[PDB]
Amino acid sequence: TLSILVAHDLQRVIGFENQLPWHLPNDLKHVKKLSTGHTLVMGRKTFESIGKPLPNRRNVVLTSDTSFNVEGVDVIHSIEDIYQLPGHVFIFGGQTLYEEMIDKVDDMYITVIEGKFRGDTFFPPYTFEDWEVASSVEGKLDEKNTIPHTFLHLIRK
């Protein structure tokens, strides 16, 4: 399976100044559950802003940098290399990779953050006429998760 995994707000903001614009522990749990034991593919910028590989899954970084080397990270140099990766692969960001991959993925795991944040990074526009709603689950609000959010699993029609 080739999937997108993304959290975006009401205007499809995914980032601001190399950071996530929101604090949502419930969404990190969602990511952890979905991708533990599987593969995350991300662009160089997303990885650098994270800082280190995410534990207990394969971390794959796409870059043109032939010098790129991090312990616990596998490197690829073209989109085409993605399709040779075995298992369930999640496209993890950022904007450039989503733009390159949105028309290629089987399905998308989207966390819709129900707010309007300042952003400099965006998920590409998409229509629900191309995508079936496999599931839609409202995230739970509590002390540590204070922004409304909905987990969508969308499958290409």
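Quick note: we count residues from 1 along the sequence shown, nothing fancier.
Stretches 98-106 and 65-73 differ in mean C-alpha B factor, with the higher average recorded for 65-73. The stretch 144-152 shows the higher mean C-alpha B-factor when 6-14 is compared against 144-152 in the entry. The entry lists C-alpha B-factors for 122, 117, 90, 128, and the highest of these is at 128. If you compare the C-alpha temperature factors of 41, 31, 50, 112 in the entry, 50 comes out highest.
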